[PDB]
Amino acid sequence: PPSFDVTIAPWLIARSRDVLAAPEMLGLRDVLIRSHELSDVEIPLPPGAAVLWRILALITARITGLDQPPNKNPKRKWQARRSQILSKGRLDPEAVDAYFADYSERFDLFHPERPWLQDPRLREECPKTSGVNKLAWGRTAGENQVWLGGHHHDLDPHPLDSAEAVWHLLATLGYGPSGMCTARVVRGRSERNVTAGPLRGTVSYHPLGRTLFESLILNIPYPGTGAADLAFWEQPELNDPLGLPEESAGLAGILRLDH
DNA sequence: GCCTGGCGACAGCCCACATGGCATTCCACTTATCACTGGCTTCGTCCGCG
């Protein structure tokens, strides 16, 4: 069976502190563990990186951010723990595996159920596949002309590398076109219309440092005190199309990652 | 052959201005006008044509 894991499979290009020659691609778990070692991890698509730094800020960061500044001058104490871990200069791998451990079997995007940032049921109710060309950026869609980025005629399209596929999926989850995508029925409801992505047409500002760990630490908005939150992949069960997108005072609702 | 010199006689000098004047009014516009088109998505439905 096909399987890919963000934690173990290599997709994230990584640059080391030394030499600055031959960046190697690594998984998400490895980057997390070897963070002080690497200066940065890079994605060729700025949309892909714009959502990427958002999700990476919810993993390493969440564990370090703690999701809980109650009493004690909240802002002051989070900045105190912040100074404490910033002083350590690194994250203990055992707390990473523990986080990964909670949902270790839930990451491999190609999951039959619970695929990464995806809806698995979707396959059954949509008659026409959008196609890779409609998903991937710089790639021509059905109505798009054949002039740029290699010519894709939408007949025998060359498949995206799985690592490549991951970058695109993440971008479309951030930036995404609005109106007239392919309709899927849900108990009688068919509406090809689609609204735009949450950050669409914007510049995301991520502070950097000398090493990875620094940036990841300095990348988390301070979560105000509020309801405990979780991510789309931290959701216990699927949302369903109908109904209200519930609010989320937690930072996962402030990383625009609740839904 | 090349280079240089020569081919009646053909003028000279002095002289060169002062003074005065040089314009002024006036007049200087209005009206109307000032483009369109497109370079998004997929799909579905309708209308026209065969």
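Cut-off values and rules
Residues numbered from 1 in each chain as written, not as in the entry; some residues may be left out. Chains lettered and ligands numbered in written order. Part of a larger assembly, values for the part shown. Heavy atoms only, no water. Residues with missing side-chain atoms left out of burial classes, pairs and counts. Axes fitted to C-alpha atoms, helices over the stretch in contact; angles between N-to-C directions. Helix = DSSP H or I, 4+ residues; strand = E, 2+ residues; numbered from the N terminus. Parallel < 35°, antiparallel > 145°, perpendicular 65-115°, else oblique. Left-handed = near helix turned anticlockwise from the far one by under 90°. Contact = heavy atoms within 4.5 Å. Nonpolar A, V, L, I, M, F, W, Y, C, P; charged D, E, K, R; others polar. Buried < 20%, exposed > 50% of the residue type's maximum accessible area, 1.4 Å probe, protein only. Polar contact = N/O pair within 3.5 Å; in protein donor to acceptor, adjacent residues only side chain to side chain. Near = heavy atom within 4 Å.

For this deposition, the record names cryo-EM as the technique by which the model was determined and cites 3.3 Å as its resolution.

Draft legend 1. Molecular detail of the packing of helix α2 (residues 46-65) against helix α4 (residues 93-102). Put simply, α2 and α4 touch, their axes get as near as 11 Å, and they point 120° apart. Taken together, α2 and α4 sit at an angle that is classed as oblique. Crossing angle aside, the handedness with which α2 passes α4 is right-handed. Contacts between α2 and α4 involve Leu58, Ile59, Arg62 and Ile63 from the former and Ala95, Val96, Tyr99 and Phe100 from the latter. Tallied by class, residues from the contact of α2 with α4 come to seven nonpolar, no polar and one charged.

Draft legend 2. Summary view of the environment of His206. You can see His206 is positioned in the loop between α7 (162-174) and α8 (212-218). With relative accessibility at 28%, the residue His206 sits in the partly exposed group. Linking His206 and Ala50, residues 156 residues apart in sequence, is a C-alpha distance of 8.4 Å. Residues in contact with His206, not counting those within four places in the same chain, are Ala50, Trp53, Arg54 and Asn219. Engagement of the side chain of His206 in a polar contact is seen with the side chain of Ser204, the distance being 3.5 Å.

Draft legend 3. Spatial organisation of unusual backbone geometry. We note that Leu20 has phi near 65°; this positive angle belongs to a residue other than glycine. In this fold, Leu20 is placed in the loop between β1 (12-16) and β2 (24-26). On the basis of relative accessibility, which here comes to 70%, the residue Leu20 falls in the exposed class. A positive phi is found at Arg256, a non-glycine position, where the angle reads about 55°. With respect to the helices and strands, the residue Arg256 is situated in the segment after α9 (251-254). For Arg256, a relative accessible area of 45% gives the class partly exposed.

Draft legend 4. Spatial organisation of the protein's contact with DNA strand B. Residues in close proximity to DNA strand B include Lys128, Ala141, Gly142, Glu143, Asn144, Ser178, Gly179, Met180, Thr182 and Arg192, which together make up its full environment. Atoms of DNA strand B within 4 Å of the protein: sugar and phosphate make up 79%, bases the balance. Between DNA strand B and the protein, one listed contact pairs a phosphate oxygen with a backbone N or O atom of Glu143 at 3.1 Å. Between DNA strand B and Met180, the relevant distance is 2.8 Å, taken from a sugar or linking oxygen to a main-chain nitrogen or oxygen of the residue. Of the residues belonging to the surface near DNA strand B, the class tally is two nonpolar, five polar and three charged.

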